[PDB]
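Data block below; observations after.
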Amino acid sequence: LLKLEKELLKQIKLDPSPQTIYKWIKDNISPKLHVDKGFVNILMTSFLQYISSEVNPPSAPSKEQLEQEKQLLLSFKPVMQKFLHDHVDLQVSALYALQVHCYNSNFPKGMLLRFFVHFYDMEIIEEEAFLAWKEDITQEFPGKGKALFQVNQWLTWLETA
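Below, the structure written as structure tokens:
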């Protein structure tokens, strides 16, 4: 799975067509793993790494980077939905992936919450998963406090009115 992750990210860089990457998964990863939380973790982690590498390469995002990022995420949305729809616990896994990804970049200003807004508006992550992620004690990935600090007002609104 740490391996699998190696291969998947290599494959995305080689050809980031949503179609190609979905076919590679289906042809190279047993379907029993498609509903595994660790697989959803490596999947979402690889997509986010790729998007970052594209939007903010080694050259405070510009409006052009914000649009580019939305567009790339939009092209991946049907692949992510194919594995996450109807699976709230795997959606919580995808939120931990995005938490750890932002933790790994030192929480860039607004990044985590801009992605929560995306994932919610794109119907990738349901309300229930956002609140399960908030309230979850059982998992231990780093960066959970600083993540909460940045999306708490948003989550509280979601929860109450």
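With the authors' numbering as the guide, the letters of the sequence shown map in order to residues 730 to 788, 796 to 897. For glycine and all other residues, C-beta sits at the position ideal for the given N, C-alpha and C.
Helix, strand or coil for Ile758? Go by DSSP, reduced to three states.
For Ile758, the secondary structure class from DSSP, reduced to helix, strand or coil, is coil.
So, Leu743 versus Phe768, is the Cβ gap smaller than 8 Å?
Note that the C-beta distance between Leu743 and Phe768 is not below 8 Å.
Do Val836 and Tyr751 count as a contact pair if the criterion is CB distance below 8 Å?
No; because the gap between Cβ atoms is not below 8 Å, this pair is not in contact.
So which of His823, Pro786, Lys735 has the shortest CA-CA distance to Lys766?
Checking every option, the nearest Cα to that of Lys766 belongs to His823.
Are at least three pairs of beta-carbons, each pair with one atom in the region 876-885 and one in the region 836-853, less than 8 Å apart?
Contact holds: three or more Cβ-Cβ distances are below 8 Å.
Using a threshold of 8 Å, state whether the C-beta atoms of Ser811 and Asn770 are closer than that.
Between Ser811 and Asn770, the CB-CB gap reaches or exceeds 8 Å.
Local Cβ density within 10 Å of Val764, reported as buried at 16 or more and exposed below that:
Note on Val764: under 16 other CB atoms within 10 angstroms of its CB, so exposed under the neighbour-count rule.
Thinking C-beta only, is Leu738 closer than 8 Å to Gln778?
It is a contact, given that the beta carbons lie within the stated cut-off.
Measure the CB-CB distance between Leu820 and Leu826 and report whether it falls below 8 Å.
At the C-beta level, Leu820 and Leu826 come within 8 Å of one another.
Please report the residue range of the alpha helix (DSSP H) in which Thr892 lies.
From DSSP, the alpha helix (DSSP H) with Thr892 extends over 880-895.
Provide the residue span of the alpha helix (DSSP H) that contains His763, from first to last.
For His763, there is no enclosing alpha helix (DSSP H), since its DSSP letter is neither H nor E.
Taking only runs of the alpha helix (DSSP H) that begin and end inside the region 796-864, which ones reach a length of at least 4 residues, in chain order?
If only uninterrupted alpha helix (DSSP H) runs of at least 4 residues are considered, those enclosed by the region 796-864 are 799-820, 824-840, 847-857.
When DSSP labels each residue in this structure, what does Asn785 get in the three-state scheme?
The three-state reading of DSSP puts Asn785 in coil, since its state is none of H, G, I, E or B.
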